[PDB]
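Residue numbers (this note's numbering), protein chains in the order written: chain A, 28 to 232; chain B, 1143 to 1336; chain C, 4 to 219; chain D, 176 to 252.
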Amino acid sequence: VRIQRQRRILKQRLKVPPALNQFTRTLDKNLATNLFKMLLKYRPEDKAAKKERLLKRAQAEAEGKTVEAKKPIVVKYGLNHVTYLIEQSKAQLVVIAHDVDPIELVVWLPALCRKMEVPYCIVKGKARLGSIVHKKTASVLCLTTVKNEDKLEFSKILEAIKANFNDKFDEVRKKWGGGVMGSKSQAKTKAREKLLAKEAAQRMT
Amino acid sequence: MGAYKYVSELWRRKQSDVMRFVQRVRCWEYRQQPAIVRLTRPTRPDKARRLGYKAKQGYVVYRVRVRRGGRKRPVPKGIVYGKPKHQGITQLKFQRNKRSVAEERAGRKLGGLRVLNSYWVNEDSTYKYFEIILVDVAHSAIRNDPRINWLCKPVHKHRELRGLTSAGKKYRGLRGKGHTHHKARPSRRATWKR
Amino acid sequence: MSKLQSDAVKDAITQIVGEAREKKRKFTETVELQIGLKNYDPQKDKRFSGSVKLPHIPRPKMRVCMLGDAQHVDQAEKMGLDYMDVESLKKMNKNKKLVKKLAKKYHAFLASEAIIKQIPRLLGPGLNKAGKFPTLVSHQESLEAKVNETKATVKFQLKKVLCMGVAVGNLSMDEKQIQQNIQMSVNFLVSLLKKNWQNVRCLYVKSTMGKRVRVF
Amino acid sequence: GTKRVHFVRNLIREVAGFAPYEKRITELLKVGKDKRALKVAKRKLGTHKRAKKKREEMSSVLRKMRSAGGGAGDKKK
RNA sequence: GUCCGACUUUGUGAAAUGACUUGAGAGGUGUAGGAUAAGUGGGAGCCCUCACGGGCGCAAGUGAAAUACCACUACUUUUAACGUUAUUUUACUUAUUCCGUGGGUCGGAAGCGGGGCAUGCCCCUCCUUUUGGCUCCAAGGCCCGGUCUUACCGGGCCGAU
RNA sequence: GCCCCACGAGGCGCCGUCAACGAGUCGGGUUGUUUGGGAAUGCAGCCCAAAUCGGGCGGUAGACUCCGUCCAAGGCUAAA
RNA sequence: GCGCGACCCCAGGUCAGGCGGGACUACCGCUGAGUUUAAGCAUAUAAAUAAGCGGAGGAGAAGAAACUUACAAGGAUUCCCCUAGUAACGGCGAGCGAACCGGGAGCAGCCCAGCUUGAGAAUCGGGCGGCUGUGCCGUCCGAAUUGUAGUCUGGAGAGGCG
């Protein structure tokens, strides 16, 4: 409990590099939730679901003699997989977790996307993304393709990131460290008030 | 590859950017915590995998804390009897690297697991931190994996204490390969200084 | 606004600016002025640390350039081939006095008996002939032909500026840029070992009416 | 505004080139820190004073990693 | 061992005071010559205009060199920019350090008392308070009560901001 | 002696686009220990600190130009 | 609050199993003297030895070059012969002091990380049933995308064509 509370506070106190603090400026809750509704269609298979599918396909192809199923469209996920898609420019949009314990891992992800000029978005909750995949940490998931029906509302999501970062690269702390400290804020108010009273009284009389 | 490439490049530059920022905060947390912290995530996933990482049961990553400094030689102010060329306490240094020291100490506590290799996860000013790969021999998955089944072998039991680890090779002068390195190779005691 | 517009520190290219088509815009002059090249050379006061040579420039200046020559005998006949106004040894006193309307100065070996009288006076604008700045030769006709064509003298100055004509503004851009480039090669060749960090430290092109712009 | 003077992208190309040149020279002629101190005087002395000192600080490395890592990605294609 | 310094350790910044990039200024200080002749490219033209005609060369004068015009350029000397870089001083809470506990009643605001300040309209810009007082007892059942779901049974809230 | 494991996978021949090749490690300074190793043999601590048409090595420190030679910083493996 | 999965971190006299000590001849590491020698003695010698400590096996360590070299180049590792009683080092005193090549013995070569399963974690542990069982099969939970299975390992290799 001691260490976990300190970690967020110390992010402010030390100067935070240009790659970070681009984070914390996260996607809106309204935008995030409607994104997940699109992903409701695309959700990846469970352990049971994949195993089940094999039985259906095996039966159909052997007995029915039917030609193979339609090409599956799902979100693609996992660090090494998704990052490769950014390079090839296959991914239209990637959704990137705010969190992740090795912060070194995830600084690369918006950085690479920005460099190649592929739109990305940073949403809060690594767990929230992970729920969709029905696993653990996804870290990233992305849409390489989208259905024609989903395409219209998908445009809103693409716009969404450049409706909180239609900006050049703000490289946060020039030298600044701190963020405001509870005791210091109270002290500053008292000091300011004394100064203001003195200054005003010279002009007045 | 992916972020594996990026994190490697970050960790070159200890004093700079994300690498300094994140790890500086984390090493302060480590001081508060014991010298036994098992973690379920690798700090460096790049160098876990370049020292042998398969994520799969029986595999663990673990943190070791071993001090910074020189050497301590017992009984100061009651100093050694002998000619003054060997009089020294802090003048002397260990000839083991601290990467291997972390392995020996970790293996002492975790005798039911066997050290593969170890790597560096920074320092402060009085403690030096390492994360060490230990992988069980007693769990089934290692035996039924043919890329790590060599570890199971009785010969590799407590290999860290015998200095046969990656770290143990480097301090033993096996860093080179040919001439000049020649007096280290199969043993320092090979010719036995005859 | 001529001062304000140009940025010295940025390194422009020869083709774009300086010795280029762009120079013509700076040229409004009724006469063809020669446009000259500056270089800021890490250098010392000494002659041997100096960058001194005479190079012949590949493409002409297209200028007749008046040298001051007072000479006698067959040397005087040779002078007439490539110089406007033949002069005898008596006439050198006019040049000695004050008059110094000439790009560089040349005298013959035959003439050299008389030239010693003039010598303090001619030194001051730096135009003076010398064996150091080879303008004293028996091959009088050959040398006068060369200087008229576009042979130039290169001499380091008292505050370490280096100089040579590198065209007239009227020339086409292609001619002008190669004329700059020959000087740069000579500067590196001549340059003393003792000098530190890049002998052509800065290179500027100018016009007399116009501003200067840095070219590298 | 200043740091040299005038422009952004044009300035960056030159400055970006200067830093690995200095790094290679120091590595392949040994020494390191104190040889850099001699080296700066025997250098142009505009961008170079600040840039060389920045190497012994950070340099500007996240920006460098994007370009170098992207180039490394094009060193696989 | 002890002492002393440096560096890691070490996060945050004030202003003093050294200095560097550039950028923009007042100027331009060696003999005679008034003096920008400080020195450079360049030089019969620069500039306003052109019936015409002028500033400065052209001349006058001195001498090693003579003066226009547009960059520039030592040296006397200064200022924005982004800060950069270096000395010391000084201050904050997060490293570290010390100590306090069967981590207790902390801090900030407001309830409620009430005072002092100009006590003026309360008086904020403030100071005391904020359930216990002589009186070798005693302060324990988070309490009786109030109040709501809830027949009683039984659960909340409040009493105790 | 029974299944022939084949039209798979790999091997070979030829062709292209690539070649991803392990960091506080390299390397260096300083100190101690050790070495025949001598302007540092290996080793370690501390301090500084990289790069990938790159890097290391080449028994005297150094710059310069060449040439030669391998490909670390992961790991197994009988025999003598 | 309750956060299905899970995230992060605790607890079972917990489910199936595992560790200590010995041996310590010989071996692999660590750590480390002095007597002695120099006719004294400190640098040096003894000795990178004895003592101290840990850990395996029938052998162990080593191991397919970031090597040796300077050649019509040798070619993982070990040991013997030789180099060698020598280059070198050393109050250049006492002493200290090996390797490279050459010959012989024995021989043996390899896989991961770092290019893509993405038509889908194809992989694995456990419980459970059956089985001819250092295993195999069906079934169900669980592990693992902060990456299992994997082509491929520098001698290379992945594509393509035949």
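From the three backbone atoms N, C-alpha and C, an ideal C-beta is built for every residue, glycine too.
Can the beta-carbon of residue i be found less than 7 Å from the beta-carbon of residue j?
i	j	result
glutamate 35 of chain C	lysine 179 of chain C	no
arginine 200 of chain A	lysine 42 of chain A	yes
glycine 172 of chain C	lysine 26 of chain C	yes
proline 45 of chain C	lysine 198 of chain C	yes
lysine 153 of chain A	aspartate 128 of chain A	no
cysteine 1169 of chain B	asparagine 1264 of chain B	yes
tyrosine 1204 of chain B	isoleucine 1290 of chain B	no
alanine 226 of chain D	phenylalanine 193 of chain D	yes
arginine 28 of chain C	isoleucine 181 of chain C	no
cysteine 140 of chain A	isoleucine 159 of chain A	no
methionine 240 of chain D	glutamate 1151 of chain B	yes
Taking the beta carbon of residue i as the centre, do at least 16 other beta carbons fall within 10 Å, making it buried, or is it exposed?
i	result
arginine 1186 of chain B	buried
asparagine 1259 of chain B	buried
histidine 110 of chain C	buried
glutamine 229 of chain A	exposed
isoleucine 36 of chain A	exposed
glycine 207 of chain D	exposed
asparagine 107 of chain A	exposed
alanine 190 of chain A	exposed
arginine 1256 of chain B	buried
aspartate 88 of chain C	exposed
I want to see whether chain A comes within less than 7 Å of residue i, judged by CB atoms only; does it?
i	result
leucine 186 of chain D	no
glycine 176 of chain D	no
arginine 230 of chain D	no
residue 259 of chain D	Since the displayed chain D opens at 176 and closes at 252, residue 259 of chain D lies outside it and no answer follows.
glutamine 1174 of chain B	yes
So, is the C-beta of residue i closer than 7 Å to a C-beta in chain D?
i	result
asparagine 202 of chain C	no
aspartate 1159 of chain B	yes
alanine 224 of chain A	no
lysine 74 of chain A	no
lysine 142 of chain A	yes
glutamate 1151 of chain B	yes
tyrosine 1148 of chain B	yes
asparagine 199 of chain C	yes
Would you please verify whether the beta carbon of residue i is less than 7 Å from any beta carbon of chain B?
i	result
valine 190 of chain D	no
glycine 245 of chain D	no
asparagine 48 of chain A	no
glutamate 79 of chain A	no
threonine 110 of chain A	yes
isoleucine 149 of chain A	no
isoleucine 30 of chain A	yes
Is the CB of residue i under 7 Å away from at least one CB in chain C?
i	result
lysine 227 of chain D	no
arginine 179 of chain D	yes
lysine 217 of chain D	yes
Uninterrupted beta strand (DSSP E) stretches inside the segment 151-179 of chain A (no shorter than 3 residues): 167-170
Flag this pair as touching only if the segment 58-67 of chain C and the segment 198-218 of chain C have three or more C-beta atom pairs under 8 Å; answer yes or no. At 8 Å Cβ cutoff, the stretches do not touch.
Stretch pair the segment 182-194 of chain A + the segment 47-61 of chain A: three plus CB contacts closer than 8 Å: yes
Is it a yes or a no for the segment 76-88 of chain A touching the segment 129-141 of chain A, going by three-plus beta-carbon pairs under 8 Å? no
Between the segment 113-121 of chain A and the segment 135-146 of chain A, do at least 3 Cβ pairs fall closer than 8 Å? Using a Cβ-Cβ distance cut-off of 8 Å, the segment 113-121 of chain A and the segment 135-146 of chain A are in contact, since at least three pairs of beta carbons, one from each stretch, lie closer than that value.
Is the segment 1299-1312 of chain B touching the segment 1198-1214 of chain B in the sense that three or more CB pairs, one from each, lie closer than 8 Å? no
Every unbroken alpha helix (DSSP H) inside the segment 1214-1291 of chain B [4 residues or more]: The segment 1214-1291 of chain B contains these whole alpha helix (DSSP H) runs: 1240-1251, 1282-1285.
Would you call the segment 91-110 of chain A and the segment 153-169 of chain A in contact, with 3 or more CB pairs under 8 Å? yes
Entirely within the segment 155-206 of chain C and at least 4 residues each: give me those alpha helix (DSSP H) ranges in chain order. 176-193
Measuring CB atoms only, is the segment 53-60 of chain C touching the segment 188-207 of chain C, in the sense that at least three cross pairs come out at less than 8 Å? yes
Kindly provide the ranges of any alpha helix (DSSP H) runs that are 4 or more residues long and lie completely inside the segment 58-120 of chain A, ordered along the chain. As for any alpha helix (DSSP H) of minimum length 4 sitting wholly inside the segment 58-120 of chain A, the runs are 74-86, 106-115, ordered along the chain.
For the structure I just gave you, are there three or more beta carbon pairs, one from the segment 121-138 of chain C and one from the segment 1317-1336 of chain B, closer than 8 Å? no
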